[PDB]
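What follows is one chain in structure tokens, specifically the form deposited in one PDB entry.
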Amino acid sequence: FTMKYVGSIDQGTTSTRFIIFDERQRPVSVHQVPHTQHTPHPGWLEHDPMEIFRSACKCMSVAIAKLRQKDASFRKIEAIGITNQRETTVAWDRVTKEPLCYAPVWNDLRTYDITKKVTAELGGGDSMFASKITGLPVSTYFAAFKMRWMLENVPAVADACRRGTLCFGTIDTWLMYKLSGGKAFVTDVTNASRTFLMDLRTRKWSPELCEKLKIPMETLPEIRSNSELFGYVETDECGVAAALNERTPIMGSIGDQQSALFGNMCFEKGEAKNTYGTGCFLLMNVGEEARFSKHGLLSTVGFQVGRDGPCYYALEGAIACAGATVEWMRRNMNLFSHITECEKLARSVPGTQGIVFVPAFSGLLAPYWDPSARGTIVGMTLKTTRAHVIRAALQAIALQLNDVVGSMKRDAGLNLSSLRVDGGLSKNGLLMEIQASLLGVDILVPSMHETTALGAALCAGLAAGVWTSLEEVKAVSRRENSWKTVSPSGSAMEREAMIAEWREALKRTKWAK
């Protein structure tokens, strides 16, 4: 009858976008608004939730305005999905509806005491003691730890639970809270898998863990799926509520990294998405039973397309300096200028010729988690130019990743089928060819730029009937939104000798205080 449109709120660390998709999953309108990165102490990071909510209302308000001008058939939105930076926690109150403090951000560290004050004590020295319930280790990321701090370092939050009005929520929950007026106080499985209070298997809260780490089982929202009806957009803030002419529902909510997988069409095990930037998140779809890991990797919910639908779980890995290495090799090293001499230089040489550049500048994340590791280059000769090191950096991004892949294989019990890539170096043709061969699978690269925001846009489409099933979601993406593939092109006397080289080069990374 009409042309359908699904909106998505991409809620990043630094910026929040609002993106409107028409039913061929085209991005037809975008508006981006950044927000202040308050850093009260070296190691601390927080944001203003009422700033974010505002930014979001700006993007929504503007993206809708812009589209309304260039598309004569756009006349409302079927549903809105939310995707968000994970692990960021907000404190607030049912009856004021304001927030009670600035939200400590995922990588924010004010909680490293409570990290230890939980391992040495409540863990008998084992951070993994709960790795079977939560699918997580103890660390400075998950919403439980950041709640502990607000309860023990802010009276305004300490007082508000004394009351029994205090509300916690990762950004999603918070965003749907204000967007609906205060009505829905709700969350999804992917975000919930990161709170440290949740139960990998059953995807219900952990009264056991809520207990121990002492967060009342009712300062918390409810755990819903990824794709259902969460609520309705009833908030007049900025233009937004007006700009939507009928009561527009929220029908999709999903942690961004999981949204990146889901938006990359990874609905089946083997498939994996990898987002680059300064650093990476490689998430592999692992199937219908939560898989656990020995390499201290993360277990988490990939997605759930409906209140009690087939719940696909996932493993997760990170490296910390990917595009940041490609940045350092410029901003700090003179080795090149434009992102185009870089890939001309690296191709100017056939191989690396015996050298290994381990960009372990913060140490090794990935599968080796070794803080004693440092940036280290071995086996240089006089024959070593700058144009080799730069290729050996492209190898390093691929090689490190391979370890994470390797790891996942061992802890999944299946082979990486293919890999999708986005938001890091999708222009860098060479990296994908050095990457594709090594892993031994097809590396797929999307032409369309907004997979992450499509992730949540597809959770809200489905649930509203913009696309019928996940099987029809593949075909639309198969026909409209192009990919070109990058296919393997190397052999063992390269593929397996490089993996040997890397590891021989790894014993030489150590370099602590």
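Definition used throughout: the rigid core is the maximal C-alpha set that superposes within 1.5 Å between two forms. The first residue of the sequence shown is number 1, and the count goes up from there.
For the pair 304 to 312 and 257 to 265, the record assigns the higher mean C-alpha temperature factor to 304 to 312.
Of the two segments, 494 to 502 and 20 to 28, the one listed with the higher mean B-factor is 494 to 502 (C-alpha atoms only). Of all the options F357, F74, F230, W369, the entry's greatest CA B-factor is assigned to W369. Across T83, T88, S225, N428, the greatest Cα temperature factor reported in the deposited entry is at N428. Remark: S487 belongs to the highest third of its chain, ranked by C-alpha B-factor as recorded.
Split the chain's modelled residues into thirds by C-alpha temperature factor. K507 is in the middle one. The deposited CA B-factor of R203 belongs to the middle third of values across its chain. When all modelled residues of the chain are sorted by CA temperature factor, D442 is found within the middle third. Split the chain's modelled residues into thirds by C-alpha temperature factor. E433 is in the highest one.
Quick note: we don't show the form deposited in another entry, though the next part is all about it.
Measuring CA movement between the shown form and the other one with the rigid core aligned, the set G413, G182, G306, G354 has one residue at 2 Å or more: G354.
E496 is among the residues whose C-alpha shifts by 2 Å or more between the shown form and the other one once the rigid core is aligned. Relative to the superposed core, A242 undergoes a Cα shift smaller than 2 Å between the shown form and the other one. Core-superposed comparison between the shown form and the other one: the C-alpha position of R386 differs by no less than 2 Å.
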